[PDB]
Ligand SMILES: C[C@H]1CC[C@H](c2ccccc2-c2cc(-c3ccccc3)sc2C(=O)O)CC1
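In structure tokens, one chain follows: the form solved without this ligand.
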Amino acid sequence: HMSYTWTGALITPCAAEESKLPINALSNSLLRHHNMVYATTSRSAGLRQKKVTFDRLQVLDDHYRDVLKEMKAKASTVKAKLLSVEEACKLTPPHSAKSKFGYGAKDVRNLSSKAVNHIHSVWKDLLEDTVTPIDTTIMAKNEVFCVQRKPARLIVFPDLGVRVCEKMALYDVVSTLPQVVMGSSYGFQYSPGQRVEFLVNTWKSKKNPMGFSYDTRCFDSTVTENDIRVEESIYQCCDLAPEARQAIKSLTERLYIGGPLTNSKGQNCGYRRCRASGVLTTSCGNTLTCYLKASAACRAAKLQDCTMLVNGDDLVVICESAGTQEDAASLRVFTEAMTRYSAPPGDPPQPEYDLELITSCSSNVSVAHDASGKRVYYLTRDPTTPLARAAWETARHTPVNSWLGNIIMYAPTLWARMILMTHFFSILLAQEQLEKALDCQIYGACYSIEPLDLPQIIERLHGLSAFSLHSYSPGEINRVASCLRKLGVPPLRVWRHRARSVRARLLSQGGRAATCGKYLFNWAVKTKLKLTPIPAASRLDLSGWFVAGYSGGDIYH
């Protein structure tokens, strides 16, 4: 029961790959320790292949089937619709990988006859054939990190034609099913502010709260054939059109369970028997499977009043404590149960008795004060990776602007406000690109966002307090300051100085730019302005935001 089988053919790049941080005239104003920053390339794919290749063994007990029966009962209340070819085409990202059948992502979006005729023939093939393994491309992701070097992560995706078909059959399913099955436990339905609110209310709902996060080692590769068939049986509980039932069965048998792996040069690299990281169902499948295995593991470990917070393979558990020594024992039993279910740990889980000390996927709850002096909880993270990616994006244009996604999601943080907003607004002013729409990712989905709309977006996700936070925690200030010394980033006093200039420059431009100056950089001036709700914020169509996760799902708006 190996996750993969390999032939020896290399995982090849699509274009020229850079690993060393590119340097331009702007680099040194952000980061001076250039040797600390790197991008992963196909050169390291061989090491990743070794790490993700292992035998999986599953032992399914009564807690597992009990949880599954409950999940299927909730899944049976879901009614899902088939999307038209047109609706599926419009969710396709403009720069999505082109089809091997002579058309690209822009042909799909333009509803070109060639693209639409091919999608219709793939659809007919899914309906008539439910056995033939569907070909997939295996690629090394190009992602930027700070040292202390990770090997490249792998992306496995079917052809553009198949991806449009996945949208037709499962887009409505993967968007509505998880919240119905998991209720308040489904993390992707929340904005960062709603997530903090959920975590605080849960922490306060326990007499003696205890919390931990569970890190599964190579989650996608731990996903078995059984897990993928179980996900299909959950999707089948929905009230679906008979063509949608057939397409879901076919995509499961032919694509989701496994298939051959092809490199960018057309060579066979091997065969997958685990979760594909670049399919529509990656996020939803990972969410349901993680929740199923964790919920059953919580019952097996006799964890009292367990509240899950699940986003794909990201798992947070908040429960009733039984003292430090018993909690240590319970987590070992939880881990043992997760292991039997083929979800073994990377780093073993540690019990926490302070909400701020629970870290999941580099993120944690922290505290600051609003304009009135009131204590306000917000989500932050270690800023090393966001700052390393910002340095790369200072010298190179990338398909996904991590700085923009980071300003949106981490707007209330000390580091996004003082550094990211200051730096990138300074660049956009000099380049006359304030009105240019830029792509970023929110919960794996791609969005086109104009930086001039940032104050309204921030107000809608975090409220006006994101523009007024002050008196950050000494733990948080210290992590930011330590990160700056490590990377060779100028100190916070330099950023405050530069921000007064960026603010004045934005105010001079008037209009939406002046609003950016007023709201985003009010923290920089000694005589603060009283910030009132922005009328444009209410007009913002933020539907489709915070519904579901679509990581690897090829989703645009």
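Only the largest set of C-alpha atoms that superpose within 1.5 Å between the two forms is called the rigid core. Numbers for residues come from their place in the sequence shown, where the first is 1.
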**in 4 other deposited structures of this protein, rigid core aligned: more displaced of 438-446 and 134-142 by C-alpha RMS** = 438-446
**Complete:** Between 278-286 and 91-99, the one drifting more in C-alpha RMS in 4 other deposited structures of this protein once the core is aligned is 91-99
**Message:** What does the record say about the segment between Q148 and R149: how many deposited residues are without coordinates (none, 1 to 3, 4 to 9, 10 or more)?
**Reply:** 4 to 9
**Prompt:** Do the CA atoms of 229-237 or those of 393-401 have the higher mean B-factor in the entry?
**Reply:** 393-401
**Request:** Read off the CA B-factors in the entry, average them over 426-434 and over 411-419, and name the higher stretch.
**Result:** 426-434
**Fill in**
Scanning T53, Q58, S501, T527 for peak Cα temperature factor in the entry gives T527
**Request:** Just grab whichever of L292, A105, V317, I119 has the top CA B-factor as deposited.
**Result:** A105
**Prompt:** Mind checking which third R273 falls in for C-alpha B-factor across the chain?
**Reply:** lowest
**Item:** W203 CA temperature factor, ranked by third within the chain
**Value:** highest
**Message:** Could you place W123 in the lowest, middle or highest third of its chain by Cα temperature factor, using the values in the record?
**Reply:** middle
**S76 - Cα temperature factor, lowest/middle/highest third of chain** = lowest
**Complete:** Of the three thirds of Cα B-factor ranks in this chain, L31 occupies the lowest
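From this point on, the text means the form solved in complex with this ligand, which you will not see here.
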**Item:** Candidate spot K100, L160 and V164, all three touching this ligand in the deposited complex (heavy atom, 4.5 Å)
**Value:** no
**Request:** Could you check which residue among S471, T132, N110, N201 gets a heavy atom within 4.5 Å of this ligand in the deposited complex?
**Result:** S471
**Fill in**
Among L452, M418, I458, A88, just one has a heavy atom within 4.5 Å of this ligand in the deposited complex, namely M418
**Prompt:** Hey, of 320-328, 462-470, 122-130, 71-79, which bit sits against this ligand in the deposited complex at 4.5 Å between non-hydrogen atoms?
**Reply:** 462-470
**Message:** I'd like to check something about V480: if you look in the deposited complex, is any of its heavy atoms closer than or equal to 4.5 Å to a heavy atom of this ligand?
**Reply:** yes
**Prompt:** Is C238 close to this ligand in the deposited complex, meaning a heavy atom pair under 4.5 Å apart or at it?
**Reply:** no
**Touches this ligand in the deposited complex: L492 (any heavy atom, 4.5 Å)** = yes
**Asked** So in the deposited complex, does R496 come within 4.5 Å of this ligand, heavy atom to heavy atom?
**Response** yes
**Message:** Do any residues of 511-528 have a non-hydrogen atom within 4.5 angstroms of this ligand in the deposited complex? If so, which ones, in sequence order?
**Reply:** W523
